[PDB]
$ cat run.pdb   # PDB, C-alpha atoms
ATOM      1  CA  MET A 117     172.399  25.990 125.547  1.00  0.00           C
ATOM      2  CA  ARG A 118     169.215  27.562 124.071  1.00  0.00           C
ATOM      3  CA  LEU A 119     169.499  31.086 125.491  1.00  0.00           C
ATOM      4  CA  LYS A 120     169.110  32.741 122.094  1.00  0.00           C
ATOM      5  CA  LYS A 121     165.938  30.833 121.244  1.00  0.00           C
ATOM      6  CA  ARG A 122     164.506  31.584 124.730  1.00  0.00           C
ATOM      7  CA  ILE A 123     165.142  35.282 124.258  1.00  0.00           C
ATOM      8  CA  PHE A 124     163.376  35.301 120.873  1.00  0.00           C
ATOM      9  CA  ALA A 125     160.477  33.371 122.414  1.00  0.00           C
ATOM     10  CA  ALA A 126     160.242  35.829 125.326  1.00  0.00           C
ATOM     11  CA  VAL A 127     160.137  38.974 123.183  1.00  0.00           C
ATOM     12  CA  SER A 128     157.624  37.389 120.850  1.00  0.00           C
ATOM     13  CA  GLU A 129     155.085  36.429 123.593  1.00  0.00           C
ATOM     14  CA  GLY A 130     155.871  39.506 125.655  1.00  0.00           C
ATOM     15  CA  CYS A 131     157.344  37.812 128.745  1.00  0.00           C
ATOM     16  CA  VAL A 132     158.954  40.797 130.382  1.00  0.00           C
ATOM     17  CA  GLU A 133     159.983  38.991 133.550  1.00  0.00           C
ATOM     18  CA  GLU A 134     161.585  36.103 131.677  1.00  0.00           C
ATOM     19  CA  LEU A 135     163.396  38.490 129.325  1.00  0.00           C
ATOM     20  CA  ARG A 136     165.016  40.387 132.217  1.00  0.00           C
ATOM     21  CA  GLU A 137     166.243  37.093 133.691  1.00  0.00           C
ATOM     22  CA  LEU A 138     167.503  35.815 130.340  1.00  0.00           C
ATOM     23  CA  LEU A 139     169.406  39.025 129.641  1.00  0.00           C
ATOM     24  CA  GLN A 140     171.076  38.770 133.072  1.00  0.00           C
ATOM     25  CA  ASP A 141     172.080  35.255 132.055  1.00  0.00           C
ATOM     26  CA  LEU A 142     173.460  36.616 128.779  1.00  0.00           C
ATOM     27  CA  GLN A 143     175.445  39.326 130.604  1.00  0.00           C
ATOM     28  CA  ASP A 144     176.923  36.655 132.893  1.00  0.00           C
ATOM     29  CA  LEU A 145     177.952  34.591 129.871  1.00  0.00           C
ATOM     30  CA  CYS A 146     180.092  37.455 128.460  1.00  0.00           C
ATOM     31  CA  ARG A 147     182.828  36.702 130.988  1.00  0.00           C
ATOM     32  CA  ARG A 148     183.446  33.212 129.629  1.00  0.00           C
ATOM     33  CA  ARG A 149     185.951  32.257 126.917  1.00  0.00           C
ATOM     34  CA  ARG A 150     184.520  33.112 123.487  1.00  0.00           C
ATOM     35  CA  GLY A 151     185.819  33.456 119.948  1.00  0.00           C
ATOM     36  CA  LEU A 152     184.364  36.977 119.547  1.00  0.00           C
ATOM     37  CA  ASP A 153     184.639  40.325 121.302  1.00  0.00           C
ATOM     38  CA  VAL A 154     181.736  41.320 123.580  1.00  0.00           C
ATOM     39  CA  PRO A 155     179.839  43.422 121.044  1.00  0.00           C
ATOM     40  CA  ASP A 156     180.074  40.756 118.259  1.00  0.00           C
ATOM     41  CA  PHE A 157     179.208  38.048 120.853  1.00  0.00           C
ATOM     42  CA  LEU A 158     176.088  39.901 121.999  1.00  0.00           C
ATOM     43  CA  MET A 159     174.930  40.830 118.496  1.00  0.00           C
ATOM     44  CA  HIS A 160     175.179  37.147 117.433  1.00  0.00           C
ATOM     45  CA  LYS A 161     173.182  36.054 120.504  1.00  0.00           C
ATOM     46  CA  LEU A 162     170.565  38.706 119.699  1.00  0.00           C
ATOM     47  CA  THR A 163     170.324  38.172 115.920  1.00  0.00           C
ATOM     48  CA  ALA A 164     168.978  35.257 113.867  1.00  0.00           C
ATOM     49  CA  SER A 165     172.012  34.323 111.830  1.00  0.00           C
ATOM     50  CA  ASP A 166     169.690  33.018 109.149  1.00  0.00           C
ATOM     51  CA  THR A 167     167.786  36.106 108.161  1.00  0.00           C
ATOM     52  CA  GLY A 168     169.463  38.834 110.190  1.00  0.00           C
ATOM     53  CA  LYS A 169     166.284  39.425 112.211  1.00  0.00           C
ATOM     54  CA  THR A 170     167.167  40.874 115.643  1.00  0.00           C
ATOM     55  CA  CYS A 171     165.107  40.344 118.777  1.00  0.00           C
ATOM     56  CA  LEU A 172     164.145  44.052 118.520  1.00  0.00           C
ATOM     57  CA  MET A 173     162.663  43.352 115.072  1.00  0.00           C
ATOM     58  CA  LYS A 174     161.066  40.174 116.424  1.00  0.00           C
ATOM     59  CA  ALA A 175     159.454  42.260 119.215  1.00  0.00           C
ATOM     60  CA  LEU A 176     158.005  44.818 116.735  1.00  0.00           C
ATOM     61  CA  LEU A 177     156.760  42.093 114.433  1.00  0.00           C
ATOM     62  CA  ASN A 178     154.741  40.553 117.292  1.00  0.00           C
ATOM     63  CA  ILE A 179     152.864  43.454 118.925  1.00  0.00           C
ATOM     64  CA  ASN A 180     151.202  42.546 122.260  1.00  0.00           C
ATOM     65  CA  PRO A 181     150.283  44.522 125.391  1.00  0.00           C
ATOM     66  CA  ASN A 182     153.890  44.217 126.711  1.00  0.00           C
ATOM     67  CA  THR A 183     155.763  45.285 123.559  1.00  0.00           C
ATOM     68  CA  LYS A 184     156.629  48.826 124.639  1.00  0.00           C
ATOM     69  CA  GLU A 185     158.193  47.533 127.860  1.00  0.00           C
ATOM     70  CA  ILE A 186     160.060  44.785 126.061  1.00  0.00           C
ATOM     71  CA  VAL A 187     161.446  47.341 123.568  1.00  0.00           C
ATOM     72  CA  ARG A 188     162.612  49.522 126.515  1.00  0.00           C
ATOM     73  CA  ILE A 189     164.430  46.544 128.057  1.00  0.00           C
ATOM     74  CA  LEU A 190     166.159  45.578 124.797  1.00  0.00           C
ATOM     75  CA  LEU A 191     167.411  49.105 124.139  1.00  0.00           C
ATOM     76  CA  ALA A 192     168.592  49.466 127.724  1.00  0.00           C
ATOM     77  CA  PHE A 193     170.503  46.225 127.403  1.00  0.00           C
ATOM     78  CA  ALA A 194     172.139  47.296 124.131  1.00  0.00           C
ATOM     79  CA  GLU A 195     172.992  50.699 125.593  1.00  0.00           C
ATOM     80  CA  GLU A 196     174.440  49.146 128.744  1.00  0.00           C
ATOM     81  CA  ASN A 197     176.751  47.165 126.482  1.00  0.00           C
ATOM     82  CA  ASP A 198     177.681  50.015 124.142  1.00  0.00           C
ATOM     83  CA  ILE A 199     176.001  48.465 121.081  1.00  0.00           C
ATOM     84  CA  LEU A 200     172.855  50.637 120.975  1.00  0.00           C
ATOM     85  CA  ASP A 201     173.536  52.132 117.548  1.00  0.00           C
ATOM     86  CA  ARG A 202     174.626  48.835 115.995  1.00  0.00           C
ATOM     87  CA  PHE A 203     171.617  47.026 117.502  1.00  0.00           C
ATOM     88  CA  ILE A 204     168.935  49.507 116.596  1.00  0.00           C
ATOM     89  CA  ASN A 205     170.271  49.991 113.035  1.00  0.00           C
ATOM     90  CA  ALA A 206     170.751  46.344 112.218  1.00  0.00           C
ATOM     91  CA  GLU A 207     169.287  45.275 108.837  1.00  0.00           C
ATOM     92  CA  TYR A 208     167.677  42.109 107.504  1.00  0.00           C
ATOM     93  CA  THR A 209     170.245  40.114 105.531  1.00  0.00           C
ATOM     94  CA  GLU A 210     167.845  37.721 103.773  1.00  0.00           C
ATOM     95  CA  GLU A 211     167.815  38.890 100.153  1.00  0.00           C
ATOM     96  CA  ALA A 212     164.041  39.286  99.687  1.00  0.00           C
ATOM     97  CA  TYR A 213     163.736  41.527 102.781  1.00  0.00           C
ATOM     98  CA  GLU A 214     167.107  43.186 102.373  1.00  0.00           C
ATOM     99  CA  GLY A 215     167.673  46.459 104.230  1.00  0.00           C
ATOM    100  CA  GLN A 216     164.510  46.385 106.383  1.00  0.00           C
ATOM    101  CA  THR A 217     165.083  47.771 109.828  1.00  0.00           C
ATOM    102  CA  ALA A 218     163.309  47.973 113.202  1.00  0.00           C
ATOM    103  CA  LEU A 219     162.303  51.575 112.405  1.00  0.00           C
ATOM    104  CA  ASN A 220     160.578  50.559 109.124  1.00  0.00           C
ATOM    105  CA  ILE A 221     158.736  47.740 110.908  1.00  0.00           C
ATOM    106  CA  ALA A 222     157.451  50.127 113.604  1.00  0.00           C
ATOM    107  CA  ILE A 223     156.317  52.721 111.087  1.00  0.00           C
ATOM    108  CA  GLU A 224     154.591  50.231 108.763  1.00  0.00           C
ATOM    109  CA  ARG A 225     152.873  48.800 111.854  1.00  0.00           C
ATOM    110  CA  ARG A 226     151.782  52.349 112.790  1.00  0.00           C
ATOM    111  CA  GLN A 227     153.525  52.294 116.199  1.00  0.00           C
ATOM    112  CA  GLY A 228     154.066  56.058 116.563  1.00  0.00           C
ATOM    113  CA  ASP A 229     155.091  56.063 120.246  1.00  0.00           C
ATOM    114  CA  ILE A 230     157.678  53.355 119.716  1.00  0.00           C
ATOM    115  CA  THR A 231     158.812  55.086 116.538  1.00  0.00           C
ATOM    116  CA  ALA A 232     159.549  58.310 118.451  1.00  0.00           C
ATOM    117  CA  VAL A 233     161.611  56.384 121.012  1.00  0.00           C
ATOM    118  CA  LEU A 234     163.516  54.438 118.341  1.00  0.00           C
ATOM    119  CA  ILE A 235     164.462  57.697 116.587  1.00  0.00           C
ATOM    120  CA  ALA A 236     165.596  59.437 119.804  1.00  0.00           C
ATOM    121  CA  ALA A 237     167.581  56.330 120.769  1.00  0.00           C
ATOM    122  CA  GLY A 238     169.443  56.675 117.442  1.00  0.00           C
ATOM    123  CA  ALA A 239     167.596  54.892 114.601  1.00  0.00           C
ATOM    124  CA  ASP A 240     168.897  56.177 111.243  1.00  0.00           C
ATOM    125  CA  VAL A 241     166.134  58.444 109.888  1.00  0.00           C
ATOM    126  CA  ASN A 242     167.677  58.256 106.376  1.00  0.00           C
ATOM    127  CA  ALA A 243     167.963  54.443 106.056  1.00  0.00           C
ATOM    128  CA  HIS A 244     166.627  53.037 102.710  1.00  0.00           C
ATOM    129  CA  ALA A 245     165.481  49.425 102.247  1.00  0.00           C
ATOM    130  CA  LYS A 246     165.049  47.982  98.770  1.00  0.00           C
ATOM    131  CA  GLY A 247     163.759  44.564  99.858  1.00  0.00           C
ATOM    132  CA  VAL A 248     160.063  44.002 100.603  1.00  0.00           C
ATOM    133  CA  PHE A 249     158.551  44.243 104.105  1.00  0.00           C
ATOM    134  CA  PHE A 250     158.776  41.130 106.248  1.00  0.00           C
ATOM    135  CA  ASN A 251     155.284  40.074 107.441  1.00  0.00           C
ATOM    136  CA  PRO A 252     153.765  43.578 107.047  1.00  0.00           C
ATOM    137  CA  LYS A 253     150.535  44.268 108.906  1.00  0.00           C
ATOM    138  CA  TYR A 254     148.793  46.804 106.672  1.00  0.00           C
ATOM    139  CA  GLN A 255     150.661  47.317 103.386  1.00  0.00           C
ATOM    140  CA  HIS A 256     151.294  44.883 100.583  1.00  0.00           C
ATOM    141  CA  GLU A 257     154.821  43.435 100.896  1.00  0.00           C
ATOM    142  CA  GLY A 258     156.135  45.190  97.798  1.00  0.00           C
ATOM    143  CA  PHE A 259     154.429  48.502  98.581  1.00  0.00           C
ATOM    144  CA  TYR A 260     156.446  51.346  96.965  1.00  0.00           C
ATOM    145  CA  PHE A 261     156.811  54.393  99.216  1.00  0.00           C
ATOM    146  CA  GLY A 262     159.986  56.202  98.077  1.00  0.00           C
ATOM    147  CA  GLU A 263     162.313  54.071 100.244  1.00  0.00           C
ATOM    148  CA  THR A 264     162.754  56.392 103.274  1.00  0.00           C
ATOM    149  CA  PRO A 265     161.199  56.514 106.725  1.00  0.00           C
ATOM    150  CA  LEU A 266     159.867  60.030 106.020  1.00  0.00           C
ATOM    151  CA  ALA A 267     158.293  58.916 102.744  1.00  0.00           C
ATOM    152  CA  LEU A 268     156.966  55.712 104.351  1.00  0.00           C
ATOM    153  CA  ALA A 269     155.178  57.740 107.077  1.00  0.00           C
ATOM    154  CA  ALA A 270     153.753  60.163 104.453  1.00  0.00           C
ATOM    155  CA  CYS A 271     152.572  57.530 101.998  1.00  0.00           C
ATOM    156  CA  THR A 272     150.808  55.579 104.782  1.00  0.00           C
ATOM    157  CA  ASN A 273     149.038  58.697 106.130  1.00  0.00           C
ATOM    158  CA  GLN A 274     150.912  59.098 109.424  1.00  0.00           C
ATOM    159  CA  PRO A 275     151.351  62.875 109.585  1.00  0.00           C
ATOM    160  CA  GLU A 276     152.474  62.937 113.263  1.00  0.00           C
ATOM    161  CA  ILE A 277     155.413  60.769 112.345  1.00  0.00           C
ATOM    162  CA  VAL A 278     156.106  62.886 109.258  1.00  0.00           C
ATOM    163  CA  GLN A 279     156.086  65.980 111.489  1.00  0.00           C
ATOM    164  CA  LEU A 280     158.411  64.388 114.052  1.00  0.00           C
ATOM    165  CA  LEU A 281     160.878  63.465 111.320  1.00  0.00           C
ATOM    166  CA  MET A 282     160.753  66.928 109.701  1.00  0.00           C
ATOM    167  CA  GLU A 283     161.600  68.519 113.041  1.00  0.00           C
ATOM    168  CA  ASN A 284     164.649  66.307 113.226  1.00  0.00           C
ATOM    169  CA  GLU A 285     167.493  68.112 111.421  1.00  0.00           C
ATOM    170  CA  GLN A 286     169.216  64.797 110.672  1.00  0.00           C
ATOM    171  CA  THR A 287     166.403  63.957 108.227  1.00  0.00           C
ATOM    172  CA  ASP A 288     167.296  64.584 104.542  1.00  0.00           C
ATOM    173  CA  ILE A 289     163.909  65.857 103.368  1.00  0.00           C
ATOM    174  CA  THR A 290     165.041  66.325  99.710  1.00  0.00           C
ATOM    175  CA  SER A 291     166.546  62.779  99.463  1.00  0.00           C
ATOM    176  CA  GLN A 292     165.860  60.959  96.155  1.00  0.00           C
ATOM    177  CA  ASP A 293     165.634  57.183  96.015  1.00  0.00           C
ATOM    178  CA  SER A 294     166.762  54.543  93.546  1.00  0.00           C
ATOM    179  CA  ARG A 295     164.245  55.945  91.014  1.00  0.00           C
ATOM    180  CA  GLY A 296     165.407  59.496  91.652  1.00  0.00           C
ATOM    181  CA  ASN A 297     162.065  60.047  93.374  1.00  0.00           C
ATOM    182  CA  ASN A 298     161.753  62.384  96.324  1.00  0.00           C
ATOM    183  CA  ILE A 299     158.919  62.251  98.838  1.00  0.00           C
ATOM    184  CA  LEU A 300     156.580  64.205  96.513  1.00  0.00           C
ATOM    185  CA  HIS A 301     157.208  61.876  93.568  1.00  0.00           C
ATOM    186  CA  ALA A 302     156.400  59.041  96.011  1.00  0.00           C
ATOM    187  CA  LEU A 303     153.126  60.706  97.027  1.00  0.00           C
ATOM    188  CA  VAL A 304     152.257  61.085  93.341  1.00  0.00           C
ATOM    189  CA  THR A 305     152.619  57.323  92.873  1.00  0.00           C
ATOM    190  CA  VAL A 306     150.290  56.684  95.828  1.00  0.00           C
ATOM    191  CA  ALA A 307     147.615  59.158  94.758  1.00  0.00           C
ATOM    192  CA  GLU A 308     144.532  57.938  92.937  1.00  0.00           C
ATOM    193  CA  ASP A 309     141.427  59.401  91.286  1.00  0.00           C
ATOM    194  CA  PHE A 310     139.027  58.192  94.056  1.00  0.00           C
ATOM    195  CA  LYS A 311     137.178  60.018  96.850  1.00  0.00           C
ATOM    196  CA  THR A 312     138.067  57.978  99.971  1.00  0.00           C
ATOM    197  CA  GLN A 313     141.717  59.093  99.932  1.00  0.00           C
ATOM    198  CA  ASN A 314     141.036  62.217  97.833  1.00  0.00           C
ATOM    199  CA  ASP A 315     142.196  64.139 100.834  1.00  0.00           C
ATOM    200  CA  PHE A 316     145.138  62.562 102.621  1.00  0.00           C
ATOM    201  CA  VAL A 317     147.655  62.611  99.783  1.00  0.00           C
ATOM    202  CA  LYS A 318     147.102  66.228  98.780  1.00  0.00           C
ATOM    203  CA  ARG A 319     146.965  67.305 102.418  1.00  0.00           C
ATOM    204  CA  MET A 320     150.224  65.516 103.083  1.00  0.00           C
ATOM    205  CA  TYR A 321     151.754  67.113  99.996  1.00  0.00           C
ATOM    206  CA  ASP A 322     150.734  70.560 101.184  1.00  0.00           C
ATOM    207  CA  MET A 323     151.808  69.927 104.832  1.00  0.00           C
ATOM    208  CA  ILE A 324     155.266  68.679 103.839  1.00  0.00           C
ATOM    209  CA  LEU A 325     155.936  71.709 101.619  1.00  0.00           C
ATOM    210  CA  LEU A 326     154.481  74.178 104.099  1.00  0.00           C
ATOM    211  CA  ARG A 327     156.300  72.795 107.125  1.00  0.00           C
ATOM    212  CA  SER A 328     159.620  71.984 105.450  1.00  0.00           C
ATOM    213  CA  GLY A 329     159.860  75.114 103.355  1.00  0.00           C
ATOM    214  CA  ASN A 330     161.633  72.796 100.854  1.00  0.00           C
ATOM    215  CA  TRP A 331     159.970  74.220  97.781  1.00  0.00           C
ATOM    216  CA  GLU A 332     162.679  72.707  95.583  1.00  0.00           C
ATOM    217  CA  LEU A 333     161.013  69.328  96.113  1.00  0.00           C
ATOM    218  CA  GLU A 334     158.603  70.477  93.374  1.00  0.00           C
ATOM    219  CA  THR A 335     161.270  71.193  90.789  1.00  0.00           C
ATOM    220  CA  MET A 336     163.714  68.350  91.332  1.00  0.00           C
ATOM    221  CA  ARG A 337     163.705  65.613  88.650  1.00  0.00           C
ATOM    222  CA  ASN A 338     163.690  61.822  89.017  1.00  0.00           C
ATOM    223  CA  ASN A 339     165.777  59.404  86.921  1.00  0.00           C
ATOM    224  CA  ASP A 340     163.349  59.809  83.999  1.00  0.00           C
ATOM    225  CA  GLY A 341     163.917  63.567  84.177  1.00  0.00           C
ATOM    226  CA  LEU A 342     160.435  64.175  85.622  1.00  0.00           C
ATOM    227  CA  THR A 343     159.337  66.637  88.316  1.00  0.00           C
ATOM    228  CA  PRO A 344     156.506  65.435  90.541  1.00  0.00           C
ATOM    229  CA  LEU A 345     154.007  67.296  88.334  1.00  0.00           C
ATOM    230  CA  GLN A 346     155.427  65.676  85.177  1.00  0.00           C
ATOM    231  CA  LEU A 347     155.351  62.261  86.892  1.00  0.00           C
ATOM    232  CA  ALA A 348     151.635  62.758  87.572  1.00  0.00           C
ATOM    233  CA  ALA A 349     151.133  63.655  83.898  1.00  0.00           C
ATOM    234  CA  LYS A 350     153.152  60.653  82.766  1.00  0.00           C
ATOM    235  CA  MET A 351     151.037  58.417  85.031  1.00  0.00           C
ATOM    236  CA  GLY A 352     147.854  60.016  83.769  1.00  0.00           C
ATOM    237  CA  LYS A 353     146.702  60.940  87.308  1.00  0.00           C
ATOM    238  CA  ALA A 354     144.348  63.874  86.581  1.00  0.00           C
ATOM    239  CA  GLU A 355     143.355  64.639  90.160  1.00  0.00           C
ATOM    240  CA  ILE A 356     146.749  64.967  91.890  1.00  0.00           C
ATOM    241  CA  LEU A 357     147.952  66.732  88.728  1.00  0.00           C
ATOM    242  CA  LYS A 358     145.140  69.321  88.968  1.00  0.00           C
ATOM    243  CA  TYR A 359     145.944  69.638  92.692  1.00  0.00           C
ATOM    244  CA  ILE A 360     149.633  70.369  91.991  1.00  0.00           C
ATOM    245  CA  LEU A 361     148.709  72.869  89.289  1.00  0.00           C
ATOM    246  CA  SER A 362     146.326  74.644  91.673  1.00  0.00           C
ATOM    247  CA  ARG A 363     149.374  75.433  93.781  1.00  0.00           C
ATOM    248  CA  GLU A 364     150.445  77.936  91.113  1.00  0.00           C
ATOM    249  CA  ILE A 365     147.872  80.580  92.131  1.00  0.00           C
TER     250      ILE A 365
END

$ encode --input "run.pdb" --output "structure tokens"
Amino acid sequence: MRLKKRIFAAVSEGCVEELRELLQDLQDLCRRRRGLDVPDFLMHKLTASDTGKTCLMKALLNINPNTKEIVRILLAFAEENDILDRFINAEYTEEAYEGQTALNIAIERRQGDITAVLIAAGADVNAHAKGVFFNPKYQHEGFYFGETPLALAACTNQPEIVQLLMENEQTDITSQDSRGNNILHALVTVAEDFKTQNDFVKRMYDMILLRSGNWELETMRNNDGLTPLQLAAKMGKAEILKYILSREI
């Protein structure tokens, strides 16, 4: 057998027709003697045992004109077999990329439409990865963004995704990461004294506070005991610091 490898090949090239046929083959196989229950059996067939990469992650890492349809098929298949939540929330197991999920891959790759579907279909909007991105498209691998989907969308200037997540009451907007940083501390780390970005970060900062109403984001302290303003002062970032101060009046 090479069913698993065929399925990874199909989602990677975007062969929608072949994928449907292969997943019918996989369904048929469930009836046969196996050493696992159906959900563990399917998850193994759909997950590289090596790295923990699922075929959903493989699909999002290889964007092509058929990706949205292939994502629909994979989620339908998982849902038909009662493993939708387990499948969509699977995490990389390879140490370097530990904790990365389908949802992080879609956001970093700026796939807003797919991102909305992944969230509605049950992707954990509070999941934190502390490994680096696997094969990121736009950001450096070790890009620091405050370790949440909301903070990832904000720090990469994707305000429609930030708005979608803030409307979702499952999202923990005041979450603090392994540094004790909340989304505003994260924005402070991404700010710089430029002119080409000297817009998006402060606009995002303002939009998050205005739309969330979570004013306490400004007064909560990270592990070094620093509010976002004090973090900007510690980092010697004059411009975002003057922006934050301006909020006082």

$ residues_near_point --input "run.pdb" --point "(153.4, 51.6, 111.5)" --cutoff "10 Å" --atoms "only C-alpha atoms" --output "count of residues only"
24

$ residues_around --input "run.pdb" --residues "residue 160 (chain A)" --least-positions-apart "6" --cutoff "12 Å" --atoms "only C-alpha atoms" --output "number ranges by chain"
A: 119-121, 142, 150-154, 166-171, 199, 202-203, 206

$ resolve_selection --input "run.pdb" --expression "the PyMOL selection byres ((chain A and resi 319-332) around 8)" --output "PyMOL selection string"
chain A and resi 270+273+275+278+282+289-290+300+303+315-318+333-336

$ resolve_selection --input "run.pdb" --expression "the PyMOL selection byres ((chain A and resi 250) around 9)" --output "number ranges by chain"
A: 177, 212-213, 216, 221, 247-249, 251-252, 257

$ axis_aligned_box --input "run.pdb" --around "region 177-183 of chain A" --padding-each-side "6 Å" --output "AutoDock Vina command-line options"
--center_x 153.5 --center_y 42.9 --center_z 120.6 --size_x 18.5 --size_y 16.7 --size_z 24.3

$ resolve_selection --input "run.pdb" --expression "the PyMOL selection byres ((chain A and resi 194) around 12)" --output "PyMOL selection string"
chain A and resi 139+142-143+154-156+158-159+161-162+170-172+187-193+195-205+237-238

$ atom_distance --input "run.pdb" --atom1 "CA of residue 165 (chain A)" --atom2 "CA of residue 124 (chain A)"
12.5 Å

$ closest_residue --input "run.pdb" --among "A:260, A:296, A:117, A:356" --to "residue 339 (chain A)" --atoms "all atoms listed in the file"
A:296

$ residues_around --input "run.pdb" --residues "residue 293 (chain A)" --least-positions-apart "3" --cutoff "9 Å" --atoms "only C-alpha atoms" --output "JSON, numbers by chain"
{"A": [244, 262, 263, 264, 296, 297, 298, 299, 338]}

$ closest_residue --input "run.pdb" --among "A:214, A:178, A:337, A:239" --to "residue 129 (chain A)" --atoms "only C-alpha atoms"
A:178

$ atom_distance --input "run.pdb" --atom1 "CA of residue 215 (chain A)" --atom2 "CA of residue 294 (chain A)"
13.4 Å

$ atom_distance --input "run.pdb" --atom1 "CA of residue 265 (chain A)" --atom2 "CA of residue 363 (chain A)"
25.8 Å

$ residues_around --input "run.pdb" --residues "region 348-352 of chain A" --least-positions-apart "3" --cutoff "8 Å" --atoms "all atoms listed in the file" --output "NGL selection string"
:A and (304-305 or 344-345 or 356-357)

$ closest_residue --input "run.pdb" --among "A:175, A:125, A:307, A:145" --to "residue 359 (chain A)" --atoms "all atoms listed in the file"
A:307
